[PDB]
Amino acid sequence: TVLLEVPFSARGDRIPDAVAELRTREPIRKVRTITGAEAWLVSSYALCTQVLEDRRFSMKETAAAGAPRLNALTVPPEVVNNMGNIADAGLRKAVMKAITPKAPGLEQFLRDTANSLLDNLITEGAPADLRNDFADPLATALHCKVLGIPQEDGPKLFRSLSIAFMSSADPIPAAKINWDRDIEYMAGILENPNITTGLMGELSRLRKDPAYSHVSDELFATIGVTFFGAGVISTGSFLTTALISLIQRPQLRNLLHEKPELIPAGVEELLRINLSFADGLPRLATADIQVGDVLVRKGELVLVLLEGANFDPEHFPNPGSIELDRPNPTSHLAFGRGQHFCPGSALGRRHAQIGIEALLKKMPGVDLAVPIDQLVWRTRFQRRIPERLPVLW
């Protein structure tokens, strides 16, 4: 037989039995990626945390020419170090302030947007597609608001994403076409005097402030493209798969409908059990480092399997169960850990909380309109998502 291939399954509605078998028998295991490279797949909570908390397992070095690769780059190689570049430019605090859910009126905007989307689905009549006509447009609208860019520019930026977040063995020509176009758009935004709010309004001011005169225009535009894309793909995909998990648990759906104060705890468990990330998080070793029974060598690729950690019964007893009273509820790895912990975590939580609260109020009888096996799972992509999510209510 051949070396075990990753990823195991593109389905986001169930974890393969194989994950628990691997975690028990070989929590760091050699695998082959879609490029043909070998990698170490890490699947226990303890070892996933170790890798994420040791910067000698480097994100930036995954972009090096000649490295073993999980998948092809979809951005210029310097952009792999995007957060590091933002920090080196003195922009980290400002970027992170702009993308919290705390700006006045933001939560109300999200509730209003969710309720409008849902009212339109009710008017049109069942079946409704909760991914294309709810979760993704909600994500897109939220990120236009957060960035300060016109709502009407959202759809075109959004349509880059089905290519931009591919997990491909080979370079993708369309990813460069869309990247270059979206960078030109964000560069125009920075020159547009009407853009005075959100992340892009703040970057536009900092760009003209003397304390940032040597930061490149390229970096300013890149922040807009990267934060829009990462935020929209992550929140739309997470909310979509969380809605499936909720729909397939009518008792929990009814509990959260009846006691919406429990929605934050419910969303935190839906984060823990989420299968949205299609691949392990990649890192390149910059030293020889012992990880469990394996001495990982300098230059080797390590893949941190989030569902490995998050379904580890040694950390989360009865891991497949949504339990709203766990003693360690935010200790999951859904947002990563360590140097590269997601800067959008609070915004992603709020997007999903508000989306679920609105859906349960408007569509308390929401259910799948097709058998669950009829959902079409996107392949060779950095997220697991169903192409359509047909529901009735």
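Start at 1 and count along the sequence shown; that's the residue number.
Peer 1: Mean Cα B factor from the PDB record: higher for 267 to 275, or higher for 206 to 214?
Peer 2: The recorded data point to 206 to 214.
Peer 1: For the C-alpha atoms alone, is the average B factor greater in 179 to 187 or in 77 to 85, going by the entry?
Peer 2: The deposited B-factors put 77 to 85 ahead on the C-alpha mean.
Peer 1: So among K145, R283, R297, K93, who wins on Cα B-factor in the entry?
Peer 2: Reading the PDB entry, the winner on C-alpha B-factor is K93.
Peer 1: Just the C-alpha B-factor column, please: which of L47, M363, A64, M59 has the biggest number?
Peer 2: The record points to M363.
Peer 1: Lowest, middle or highest third of the chain for the C-alpha temperature factor of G236?
Peer 2: Bottom third by C-alpha B-factor.
Peer 1: According to the PDB entry, is the CA B factor of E357 in the bottom, middle or top third of its chain, that is, lowest, middle or highest?
Peer 2: Highest third, going by the recorded CA B-factors of the chain.
Peer 1: By its CA B factor, does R131 count among the lowest, middle or highest third of the modelled residues in the chain?
Peer 2: For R131, whose C-alpha B-factor we compare with every modelled residue in the chain, the answer is the lowest third.
Peer 1: Taking only the Cα B-factors deposited for this chain, tell me whether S245 sits in the lowest, middle or highest third.
Peer 2: Ranked within chain, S245 CA B lands in the middle tercile.
Peer 1: Would you mind checking where the Cα B-factor of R32 ranks among the modelled residues of its chain, as the lowest, middle or highest third?
Peer 2: Lowest third of the chain for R32's C-alpha B-factor.
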